[PDB]
Structures are given as structure tokens and as C-alpha cells.
Amino acid sequence: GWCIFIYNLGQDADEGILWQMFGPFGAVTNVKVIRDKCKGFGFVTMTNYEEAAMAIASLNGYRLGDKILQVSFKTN
Amino acid sequence: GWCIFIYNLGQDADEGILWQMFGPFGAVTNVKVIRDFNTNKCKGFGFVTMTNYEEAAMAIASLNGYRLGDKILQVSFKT
RNA sequence: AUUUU
């Protein structure tokens, strides 16, 4: 699948929130919030390149709570 | 969208399992595990909502009769 | 535990 990196999750962020945000865009096979409390970021894996691109183009810049998310294809 | 009923979840099932099971089939907008309010245990069933009829049907056909833990899932469109 | 907690 295609790995998506999401920055600016809040300290209380949970996997639930990622599923709820990305699920509506296409097939999602995995989500993970990175923790030490959340470290501020997490990942989602989507099967279909086009749907991943949609989720990314749609959710980058989204205000979650009162923080501005950064969403993009994961880099190495 | 299209509401899917799932029976034979375990007592400690949580939303996470419904996402993992139905997520790979297409757009899922919502999941819900039904619990007994007074024990907080799962009553054995849950609901998932999928946007696209064909993808919901594919999820239903692939998961119905499939094993989760020691149990056989029953998956169908909600009545 | 069979169709909303």
C-alpha cells in the first residue's frame, strides 16, 4: 500500500481519529499514532494510489481541533 | 451509506477490529461495537457503514463465514 | 448475547 504521514495530531490523538478521517476516501489497511502521549504525528496506509492522493489533497491543511494538519506521502 | 451487521465479535471487541476488517474493502465512514452498558462488554455484534454498494457487498461476501478468534462471523446488510 | 450502544 501507500503510506501517508500526518503531522500535528494532538497529545490525546487516537487511531480512531485517523480511521474516521481517511476511511471515507478509500480502502485503508492500517493506521498508527506514534507515541512516546502522542508525539505529534502518525501514519495511514491506503491501497489505491488515487484514493491516497485524494485523501492527501483533501486533508492537508485541515484544522483538527485547533491545529493545522500536515498530510503527505511518507518520505524515508 | 450502506449499513452492515456483523455478529460473533468477541466480548472485548473494540472499534479497531471493525476498521481493520472492513477498511481493506473500500470507503468506510463509521463503525460501532454494541456493548452492554452495565458490563461494558461487547454483546457480540457491531455495525459498519460503507459508502459504495459494490464494496459493501464484497466485504460482506468475503467476511461472512470467516473466522475471528474461535468463532465464525456472520456478516450481512443490516435489517 | 442476532440488528445501537
Side-chain angles (χ1 to χ4, degrees), chain A residues 1 4 6-10 13 15-19 21-31 33-36 38-48 51-52 54-56 58-59 62 64-65 68-69 71, chain B residues 1-13 16-31 33-39 41-66 68-69 72-79:
Chain A
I4 304 165
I6 301 99
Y7 185 76
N8 236 358
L9 297 176
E15 274 78 18
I17 188 45
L18 297 181
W19 284 113
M21 288 192 301
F22 287 82
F25 287 95
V28 168
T29 55
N30 178 279
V31 310
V33 168
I34 302 302
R35 295 181 170 95
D36 166 88
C38 176
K39 283 183 166 173
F41 55 91
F43 301 87
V44 164
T45 296
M46 297 186 69
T47 305
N48 297 312
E51 289 176 337
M54 182 63 54
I56 291 166
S58 295
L59 299 169
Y62 180 72
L64 187 49
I68 301 296
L69 299 190
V71 180
Chain B
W2 303 98
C3 194
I4 301 165
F5 174 72
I6 305 77
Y7 183 85
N8 259 338
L9 299 174
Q11 308 285 294
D12 294 309
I17 190 58
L18 293 175
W19 288 113
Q20 281 175 259
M21 287 188 309
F22 286 87
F25 295 98
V28 174
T29 50
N30 180 84
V31 307
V33 169
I34 305 313
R35 297 173 193 286
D36 184 311
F37 177 86
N38 298 296
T39 66
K41 303 306 226 190
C42 179
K43 285 190 298 186
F45 61 91
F47 298 105
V48 161
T49 300
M50 290 184 78
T51 306
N52 295 308
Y53 186 81
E54 309 75 18
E55 289 173 346
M58 292 292 328
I60 290 166
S62 291
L63 295 166
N64 183 53
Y66 189 82
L68 172 69
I72 300 277
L73 300 171
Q74 295 168 27
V75 184
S76 50
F77 284 112
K78 180 192 197 303
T79 49

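So you know, we letter chains A, B, ... as the sequences are listed, proteins then strands, and number each from 1.
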Find the distance [X]:[atom1] to [N]:[atom2] and express it as a whole number of Å.
X       : N     : atom1 : atom2 : value
B:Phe5  : C:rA1 : CZ    : P     : 12 Å
B:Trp2  : C:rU3 : CH2   : P     : 21 Å
B:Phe45 : C:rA1 : CZ    : P     : 12 Å
B:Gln11 : C:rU5 : CD    : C1'   : 15 Å
B:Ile6  : C:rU2 : CD1   : P     : 16 Å
B:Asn8  : C:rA1 : CG    : P     : 9 Å
B:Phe37 : C:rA1 : CZ    : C1'   : 18 Å
B:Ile4  : C:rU4 : CD1   : P     : 15 Å

Worksheet item: Less than 4.5 Å apart, any side-chain heavy atom of B:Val28 and any of A:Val28?
Response: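 Sidechains of A:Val28 and B:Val28: no contact.
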Worksheet item: Is the phosphate of C:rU3, meaning OP1 or OP2, less than 4.0 Å from a side-chain N or O of B:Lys43?
Response: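 For C:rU3, neither OP1 nor OP2 has a side-chain N or O of B:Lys43 closer than 4.0 Å.
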Fill in: Listed nucleotide nearest any side-chain atom of B:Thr79, set C:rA1, C:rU4, C:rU3
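When the side chain of B:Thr79 is considered, C:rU3 is the closest of C:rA1, C:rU4, C:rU3.
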Worksheet item: According to the 5.5 Å centroid and 30° plane-angle thresholds, does B:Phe47 stack upon the nucleobase of C:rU4?
Response: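 So yes, this residue stacks on that base, both cut-offs being met.
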Discussion item. Checking B:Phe77 now: which residues fulfil side chain to side chain contact (heavy atoms under 4.5 Å, CB included) with it, not counting sequence neighbours?
Written reply: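 Listed in chain order: B:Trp2, B:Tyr53, B:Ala56, B:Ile60.
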Fill in: Test side chain to side chain contact (heavy atoms under 4.5 Å, CB included) applied to B:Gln74 and B:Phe45, B:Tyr66, B:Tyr7, the passing residue
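Exactly one pass, corresponding to B:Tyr7.
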Fill in: Test item: A:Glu51 side-chain N/O and A:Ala27 main-chain N/O as donor-acceptor pair under 3.5 Å
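Side chain of A:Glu51 to backbone of A:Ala27, a donor-acceptor pair under 3.5 Å: yes, one is there.
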